Protein chains: 2
Amino acid sequence: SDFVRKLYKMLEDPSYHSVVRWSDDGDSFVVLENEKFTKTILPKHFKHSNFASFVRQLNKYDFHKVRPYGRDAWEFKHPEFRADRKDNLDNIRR
Amino acid sequence: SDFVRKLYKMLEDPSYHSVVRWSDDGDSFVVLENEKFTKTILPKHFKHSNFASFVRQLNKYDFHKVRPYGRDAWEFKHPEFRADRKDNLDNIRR
DNA sequence: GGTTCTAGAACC
DNA sequence: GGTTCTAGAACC
């Protein structure tokens, strides 16, 4: 899955650690500081700089938001998207 | 309509001119610089600091986005929401 | 009603 | 398929 690969690789990079990273556990990820993520990182990895479209893709492939870390921190979770479970990436789709 | 009133009054204020204002015509409005609008102005007038919820309300009361001004500029339009047509505000609902 | 999360539909 | 606009549903 193209999206999941790009998502994982985005999280594989410590350059972004401050604004996008894995949750301490490693079973969810956090996006925080929408200024720099939306305007700088989204367009690096994707074809837009629009957070709502990033969110849509996450719901499209069966991520859910978690109901923190920073102030404007968004946390999403898929049961099969984890820091160590790197093989399960084509095992996530819709 | 509570939303429309608050929307109009938000646009009635030149403090915000740089980040939220009427379109030159006066028949649509522009929101631009999501940093300052979302984090500073949304919470002044509404019960959140979440742009997507602002967008939802606009679609709920029959505003549409226009397909510019700045870079991350969002423009919305209702036929009956205009700078001079201030009386038509309860004539907008859903 | 307003806010939040998720999804439909349509265009690219 | 991905992106964009709009809307459904549910909780507050």
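We name chains A, B, ... by the order of the sequence lines, and we start the count at 1 in each one.
- Side-chain N/O atoms of B:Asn50 include one lying less than 4.0 angstrom from OP1 or OP2 on C:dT4.
- Between A:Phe76 atom CZ and C:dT6 atom P the separation is 7 Å, expressed in whole Å.
- Distance A:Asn59 CG to C:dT4 P: 15 Å, rounded to the nearest Å.
- The base of C:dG1 does not come close enough to the side chain of B:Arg94 for any donor and acceptor atom to sit less than 3.5 Å apart.
- Distance B:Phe46 CZ to C:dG1 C1': 13 Å, rounded to the nearest Å.
- Here C:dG2 is the nucleotide among D:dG2, C:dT6, C:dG2 with the atom lying nearest to any side-chain atom of B:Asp2.
- Atom pair B:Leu42:CG and C:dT3:P shows a separation of 9 Å (rounding to whole Å applied).
- For the pair A:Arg67 CZ and C:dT3 P, the interatomic distance rounds to 16 Å; values are reported in whole Å.
- Going from atom NZ of A:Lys60 over to atom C1' of C:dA7 covers 10 Å, rounded to whole Å.
- In terms of position on DNA chain C, the residue among A:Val55 and B:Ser1 whose nearest nucleotide sits closer to the 5' end is B:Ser1.
- Each of B:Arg56 and B:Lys65 lies near DNA chain D, and the nucleotide nearest B:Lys65 is the one positioned closer to the 5' end.
- Shortest non-hydrogen contact noted between B:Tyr8 and B:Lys86 is OH-CB, 3.6 Å.
- Of the candidates C:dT6, D:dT6, C:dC5, D:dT6 carries the atom nearest the B:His64 side chain, counting heavy atoms from C-beta on.
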As a quick check of understanding, evaluate side chain to side chain contact (heavy atoms under 4.5 Å, CB included) for B:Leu32 and B:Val19, giving each step before the final call. CA-CA 5 Å; B:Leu32 166 56; B:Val19 310; 5.8 Å; no

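- For B:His45 and C:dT3, the NE2 to P distance is 13 Å, given to the nearest whole Å.
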With side chain to side chain contact (heavy atoms under 4.5 Å, CB included) as the criterion, how do A:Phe3 and A:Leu7 come out once you've worked through the C-alpha distance, each side chain's angles and the decisive distance to 0.1 Å? CA-CA 6 Å; A:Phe3 176 78; A:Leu7 186 62; 4.1 Å; yes

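- For B:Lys47, counting side-chain heavy atoms from C-beta on, the closest listed nucleotide (D:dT6, C:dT6, C:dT3) is C:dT3.
- A distance-only check finds no donor-acceptor pair linking the side chain of B:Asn88 to the backbone of B:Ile92 [under 3.5 Å].
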For the pair A:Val30 and A:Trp74, evaluate side chain to side chain contact (heavy atoms under 4.5 Å, CB included) and give the outcome as yes or no after the intermediate values. CA-CA 6 Å; A:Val30 188; A:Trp74 291 61; over 6 Å; no

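- Summarising the geometry, the separation between CD on B:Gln57 and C1' on D:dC12 is reported as 14 Å, rounded to the nearest angstrom.
- At the heavy-atom level, B:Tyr61 lies under 4.0 Å from the strands shown only through sugar-phosphate atoms.
- Remark: A:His48 is in phosphate contact with D:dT4, judged by side-chain N or O atoms under 4.0 Å from OP1 or OP2.
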